[PDB]
4 protein chains.
Amino acid sequence: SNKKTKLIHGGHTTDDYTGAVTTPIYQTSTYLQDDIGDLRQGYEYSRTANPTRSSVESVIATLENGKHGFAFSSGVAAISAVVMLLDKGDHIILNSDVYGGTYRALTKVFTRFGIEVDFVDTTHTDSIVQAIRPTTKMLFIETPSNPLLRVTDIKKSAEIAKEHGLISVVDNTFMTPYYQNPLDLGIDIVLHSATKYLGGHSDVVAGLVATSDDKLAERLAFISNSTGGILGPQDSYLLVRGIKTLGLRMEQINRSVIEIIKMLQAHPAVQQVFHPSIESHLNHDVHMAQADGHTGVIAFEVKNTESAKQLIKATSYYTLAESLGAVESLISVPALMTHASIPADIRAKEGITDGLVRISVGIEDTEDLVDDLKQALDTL
Amino acid sequence: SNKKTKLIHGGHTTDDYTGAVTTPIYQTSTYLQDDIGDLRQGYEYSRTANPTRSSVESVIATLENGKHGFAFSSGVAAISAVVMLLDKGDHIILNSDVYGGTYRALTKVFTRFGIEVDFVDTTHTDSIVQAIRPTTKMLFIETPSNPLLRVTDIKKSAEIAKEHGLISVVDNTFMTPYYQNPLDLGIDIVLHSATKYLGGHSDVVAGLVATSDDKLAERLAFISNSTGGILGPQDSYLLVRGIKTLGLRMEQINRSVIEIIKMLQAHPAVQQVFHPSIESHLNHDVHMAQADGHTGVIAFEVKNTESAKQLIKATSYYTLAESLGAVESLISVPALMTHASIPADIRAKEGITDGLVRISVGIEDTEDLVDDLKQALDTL
Amino acid sequence: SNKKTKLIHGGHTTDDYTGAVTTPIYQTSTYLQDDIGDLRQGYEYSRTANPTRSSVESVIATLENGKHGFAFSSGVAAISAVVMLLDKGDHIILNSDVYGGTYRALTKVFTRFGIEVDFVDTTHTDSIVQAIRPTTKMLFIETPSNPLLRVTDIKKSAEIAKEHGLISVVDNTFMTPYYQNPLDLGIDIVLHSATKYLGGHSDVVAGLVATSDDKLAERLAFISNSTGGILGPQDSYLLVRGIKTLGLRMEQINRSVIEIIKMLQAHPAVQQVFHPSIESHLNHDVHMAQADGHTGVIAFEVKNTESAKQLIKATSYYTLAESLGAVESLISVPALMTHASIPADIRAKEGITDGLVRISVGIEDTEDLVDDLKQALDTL
Amino acid sequence: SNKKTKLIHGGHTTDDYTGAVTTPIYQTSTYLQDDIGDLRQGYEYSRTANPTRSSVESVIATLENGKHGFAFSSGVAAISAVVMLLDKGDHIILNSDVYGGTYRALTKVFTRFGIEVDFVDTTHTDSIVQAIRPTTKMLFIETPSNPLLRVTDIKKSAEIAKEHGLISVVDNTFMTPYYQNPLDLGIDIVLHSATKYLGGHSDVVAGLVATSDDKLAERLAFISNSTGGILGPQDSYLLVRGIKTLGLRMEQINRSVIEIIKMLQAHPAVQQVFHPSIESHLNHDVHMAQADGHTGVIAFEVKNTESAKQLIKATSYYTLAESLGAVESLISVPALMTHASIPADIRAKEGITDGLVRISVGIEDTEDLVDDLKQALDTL
Ligand SMILES: *Cc1c(COP(=O)(O)O)cnc(C)c1O
Ligand SMILES: *Cc1c(COP(=O)(O)O)cnc(C)c1O
Ligand SMILES: *Cc1c(COP(=O)(O)O)cnc(C)c1O
Ligand SMILES: *Cc1c(COP(=O)(O)O)cnc(C)c1O
Ligand code: NA
Ligand code: NA
Ligand code: NA
Ligand code: NA
Ligand code: NA
Ligand code: NA
Ligand code: NA
Ligand code: NA
């Protein structure tokens with residue numbers, strides 16, 4: 001029925017055999033066959049299928065309202081598998097500010113295999129239509145994006161993709177299936193870095209993919225089996241376990257996000273704040289139309305590198321580390337940690353200023369997170 | 001010093017911090033930074049590097065006498081990473097009877113990305129020289145191969161590759177580093193399905209890669225980080241644990257292999273036996289020159305499908321399952337399980353007869369394995 | 001600062017060495033010594049101390065505002081260790097309705113070792129004073145109790161224990177440290193079946209003990225080391241992980257508990273409801289004075305065995321299984337599952353009627369849990 | 001049939017449900033019941049029984065030729081459970097040099113519960129007969145003992161126990177079931193610290209118990225369920241995995257033991273050597289009558305503390321750490337590490353001289369272990 005119930009009872013996460021109320025961890029590579037070709041429960045080799053992996057695959061399919069789930073050894077392994085649906089000479093349209101690892105994979109790996117990519121500003125969906133070439137096969141969209149949280153209209157992207165025969169893909173990592181369901185809006189394939197919110201505890205690197213399309217699912221299964229970027233059973237188990245509390249975690253994070261944004265907007269040492277909940281944010285109305293909650297990632301401007309570093313030193317409850325979606329609140333400086341490759345003038349042009357801070361809101365008490373960040377900002 | 005000592009004390013498999021005599025399992029995705037960019041021990045994000053994965057990587061590099069190790073989510077993920085060293089338009093020479101998963105990946109995935117492949121009979125190394133095209137970049141060799149155990153001269157392959165500027169790769173799964181060290185013979189890259197002998201216990205799917213080449217290592221690290229087919233920490237730990245007993249297991253397997261082959265050659269219901277220890281086997285002398293032991297995989301002919309199936313039913317200690325390198329002895333019928341896709345007439349032409357049986361010798365008592373298989377053959 | 005923050009940042013649950021943001025899993029039994037007797041970080045043998053176990057021990061000590069934590073292989077192993085603080089001839093006072101496993105251990109194991117026990121109704125604390133013998137050494141109190149949720153005044157129990165030289169112990173399983181802190185009220189020792197709420201995911205059997213008393217801690221450490229009921233590192237890790245979401249889970253459970261109790265009190269097929277939040281419940285005022293929330297365990301009466309069984313069959317979201325504190329809502333019938341040993345007439349006398357149902361409220365959506373249980377009650 | 005085959009195929013270590021060739025890890029606390037009291041496969045609560053624990057229990061029962069197995073959180077938890085078969089006023093006879101942890105448990109824990117113990121020299125079995133009191137209920141024997149490897153006649157001990165109505169117990173840790181089977185010689189109960197050889201990889205703390213006696217098994221099951229010192233599922237799994245290679249490891253260790261003892265006896269810086277394989281060792285003939293191999297623990301005398309410490313510093317392949325039965329060879333000095341509590345004069349009287357060295361032989365190459373220890377002895 002409701003979302004918090006579906007998180008607990010959706011998917012197959014018990015043992016039919018013993019009745020165990022959690023998925024057994026099948027730390028195994030192969031399976032007895034009673035006769036040649038007769039598989040007791042359909043398992044024959046863990047790369048092809050593993051019962052613990054099958055459990056987390058059924059969870060993500062259920063939560064995204066798809067039919068088929070796939071678990072990969074990382075988010076970028078999921079992305080790489082989806083890109084390998086295409087051939088040399090095929091073309092992909094992506095949003096201009098995709099995740100750095102996605103940008104790296106596409107422009108430094110798959111470009112050597114002859115896949116062509118263009119990065120366009122998808123906040124206006126007619127820019128997608130202009131970029132469509134005769135060779136375009138795929139539209140790949142993150143929303144909201146990192147680190148400036150640009151929003152793309154998912155449903156219009158799906159219609160454009162359908163009209164032009166494109167496979168549509170949404171990287172739904174930042175919103176999670178608790179708040180945004182791209183398959184319900186016509187998207188062909190949805191994927192996640194489960195390393196972030198889904199696992200939720202900073203202790204699994206994993207990617208998840210769901211689709212309702214039988215033929216796309218069969219092609220993904222073939223690629224997964226052939227290139228072998230499969231999630232292991234122990235990580236599959238920890239993913240299933242972490243997903244149980246996804247709703248509670250996301251709701252705590254959202255309460256804190258609202259209060260933190262009020263504080264940031266009021267504070268004199270903060271300039272621009274980037275988050276889709278802000279009413280003046282581009283495509284705010286579009287985000288509310290396609291999601292019923294918010295990501296915990298917020299970016300905001302302080303004055304310069306020195307203020308950003310002192311902010312980090314002065315906070316007691318914001319932890320300096322890579323990644324997002326932890327139970328701890330995380331803090332980082334994109335210009336130094338994710339975009340330090342880009343020359344400074346182009347960084348500034350894109351809005352990645354020296355004093356741009358990104359926080360990933362965790363599940364600490366709301367008042368503590370607000371008060372801690374405010375008192376640290378007061379030291380500026 | 002000697003091999004069994006190096007298995008125990010080679011690589012870094014203790015905890016410098018606590019002194020723990022086994023590698024801690026870092027079930028973690030990210031790492032505190034004391035200041036922006038300052039990593040306490042060089043770790044920042046588990047996809048890029050994880051201390052448990054680093055441990056198994058240092059073991060495989062040590063055991064193969066290389067400098068750099070890489071752990072992937074499966075054997076075929078390791079193979080896929082190595083193939084991705086090449087670009088569209090590049091050409092690969094492989095032995096004609098490569099592992100089915102390798103054949104599938106190359107001819108159904110990477111061919112769509114414009115990598116060109118030819119499968120040639122490398123048992124004569126001048127067939128490699130004939131196949132070399134202006135676009136050839138890589139020579140990929142398994143030895144001995146599956147399921148007929150064809151042997152390829154590793155050292156001459158390495159010289160040919162050096163002379164023509166080719167990256168040379170050996171799939172060393174069947175022999176393990178305990179018996180065959182391709183990097184010592186001039187090969188650029190050695191790889192393994194650690195799913196088999198290295199893990200040794202049928203409970204991890206994993207691939208391992210080693211090289212001494214700094215620049216190839218840097219390219220593999222970039223591909224691993226970008227396409228994300230990384231082995232998880234729990235599987236990395238179980239791999240390190242299984243490798244400790246590799247020498248004892250391989251030596252038990254070899255004692256049984258010798259006795260089983262004597263029995264098979266003497267038995268009237270057995271026709272041809274395929275194994276590199278047989279003196280009339282093609283390139284027997286070459287195998288002894290490049291290895292100091294034997295794989296546990298043996299193939300042999302019985303009369304037909306019915307005899308093969310009754311053999312399986314009559315054995316008490318041979319287990320019908322996919323994979324090899326278990327502690328249990330495994331039995332299978334290639335024509336029904338690995339080559340059933342190939343039309344029957346071409347199967348017979350290649351020597352994959354209906355009555356071709358493959359066994360993977362385990363670590364059960366030698367006399368039991370010999371006696372069990374003999375009494376089952378007597379029922380034919 | 002506030003409770004939800006302390007759950008995330010309290011205790012030592014990172015790796016000082018690598019910076020890993022989660023506790024490494026030390027699957028290890030022993031530790032290198034640089035010289036005889038010099039331990040790098042104080043570890044020498046995992047039974048005596050293990051760094052992953054040390055992490056969960058520091059969490060429970062922090063959450064209960066104690067100084068010393070201890071992790072055992074189960075709740076009853078923790079209880080057994082605490083009982084072994086006493087000698088033959090010593091006497092224990094416990095509440096009359098202690099957990100069945102505690103009753104079993106005391107009256108069928110430790111009674112054979114000459115420990116004497118009396119079970120008294122501690123809802124009136126003067127009954128403790130009357131039961132105190134010259135040989136009494138320990139007062140052991142659960143509050144609230146199972147399955148009728150009787151409440152005992154913790155602070156008065158602590159004063160009585162101090163006045164008469166008794167070691168005071170509270171089994172704080174049902175309330176968790178999120179809502180009730182016995183050490184802050186003068187109790188000597190607090191313990192938990194971490195199998196329930198603390199782990200929270202039905203996937204660890206474990207006991208935890210905390211104290212502020214240096215000398216009691218030293219005696220518990222000696223008993224733990226000597227009788228060896230230690231929690232393993234993998235379970236220790238999963239406990240630390242589950243505790244992160246304890247606050248969010250308990251708060252969801254409490255919202256559902258309030259609404260479910262309203263429904264139960266209004267429903268015509270329900271007679272008596274047992275829960276400390278009900279204002280007419282014995283020692284309701286005492287519970288509010290010593291706790292700032294509620295357990296998720298509720299008991300209530302339907303008509304008979306048949307109604308209880310049909311209730312179970314008609315619910316979609318209440319799961320029939322043993323244990324409590326899961327993310328799933330659990331349902332059971334004490335007279336058939338925990339008290340079937342007791343003759344029926346004595347069952348009825350104690351209030352364990354045939355139609356007494358116990359539910360453990362999980363973290364499903366509140367409206368679903370209320371509506372599901374109501375519609376099932378309507379079928380009666 | 002033969003021992004190495006029984007190690008692989010004995011016990012139930014596959015999944016009947018999926019066919020998985022390894023035991024699934026049931027990281028779970030509780031189990032769905034289809035109706036009240038109807039258990040799908042007999043499981044209801046993991047403390048009472050867990051399917052992964054059940055697997056390792058069936059292995060130890062099979063390997064010791066018993067009927068019932070029990071897995072505890074440590075060796076001393078197994079010992080404590082067996083001691084709790086007795087009541088206050090009952091008396092136990094143990095060998096005079098039992099393991100220090102066993103001595104500690106008995107004389108500092110269970111003595112407070114009124115169990116009486118006498119430690120006698122069981123190398124002459126008539127000393128057992130003399131020590132038998134009217135209150136004696138149990139005979140507890142280690143053979144061979146630590147650190148001087150005294151041998152006790154198991155079969156005569158069993159007959160004495162039967163004649164006088166005693167429960168007989170053998171701590172079979174040092175020999176393992178691969179070489180010595182006390183239940184076959186009439187002993188009632190056999191137990192192990194699986195922390196040592198059985199796990200074999202220094203990464204599990206665990207105890208195992210086997211018996212053929214239905215009534216003793218029922219009493220052990222009740223004590224295990226009631227005091228809760230149960231082994232967890234992950235450790236149970238690693239135990240099952242480690243036991244697979246027990247035969248190969250023990251045989252490698254035995255080859256090295258023979259050669260090392262030759263070297264030690266010939267070396268001028270070595271005085272007495274203690275090991276049951278030495279023909280002049282007390283009860284050498286008795287050991288050969290009840291075992292078909294040897295423990296890897298050897299003790300030998302050098303001159304003094306300084307020589308012992310320099311020996312440790314000069315070895316490359318002997319590791320200074322607590323415990324035994326690792327894949328690594330371990331070295332220690334009892335007078336400083338296990339018997340430093342005992343005054344020096346009594347240490348010397350018992351034979352625990354300052355220069356007494358204990359080694360636990362691992363699975364490194366035999367020639368390396370011999371040569372390394374010899375060259376280090378030459379520096380004396
Ligand atoms: C309610 C519920 C569903 C239905 O989810 P929708 O959001 O309506 O698609 C599925 N599974 C479970 C377990 C549920 O409780
Ligand atoms: C002997 C030894 C080596 C050297 O191995 P080679 O085969 O000579 O290359 C390396 N590491 C360890 C731990 C050794 O014992
Ligand atoms: C707030 C806080 C504490 C203090 O907890 P009290 O309830 O005041 O005893 C301890 N640790 C952490 C991490 C905290 O945030
Ligand atoms: C041979 C064998 C046995 C019999 O063992 P004994 O030592 O004769 O008691 C039991 N189980 C298996 C799997 C065996 O192979
Ligand atoms: Na479900
Ligand atoms: Na669709
Ligand atoms: Na080493
Ligand atoms: Na080279
Ligand atoms: Na902390
Ligand atoms: Na106190
Ligand atoms: Na078996
Ligand atoms: Na007997």
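Each chain gets a letter, A, B and so on, in the order its sequence line appears, and its residues count up from 1. Numbering of ligands and ligand atoms starts at 1, following listing order.
- C:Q375 places a side-chain N or O within donor-acceptor distance of the main-chain N or O of C:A314, the cut-off being under 3.5 Å.
- Taking backbone and side-chain atoms together, A:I8 has no N/O/S atom less than 3.0 Å away from the Na ion (ligand 5).
- At least one donor-acceptor pair under 3.5 Å links the side chain of A:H12 to the backbone N or O of A:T14.
- For an aromatic pair to be called close, the ring centres must be under 6.0 Å apart, and C:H9 with A:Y317 satisfies this.
- Looking at C:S256, its side chain never comes within 3.5 Å of a backbone N or O of C:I253 through a donor-acceptor pair.
- With respect to D:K67 and D:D213, no salt bridge is recorded, no charged nitrogen being found less than 4.0 Å from a carboxylate O.
- Here A:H9 reaches the Na ion (ligand 5): one of its N/O/S atoms is less than 3.0 Å from the metal.
- Protein residues having a heavy atom under 4.0 Å from any atom of ligand 3 are A:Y317, C:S1, C:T5, C:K6, C:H9, C:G10, C:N65, listed by chain and number.
- Considering every non-hydrogen atom in both A:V59 and A:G10, the closest pair reads CG2-O, 4.1 Å.
- No donor-acceptor contact under 3.5 angstrom links the side chains of D:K155 and D:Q290, judged on distance only.
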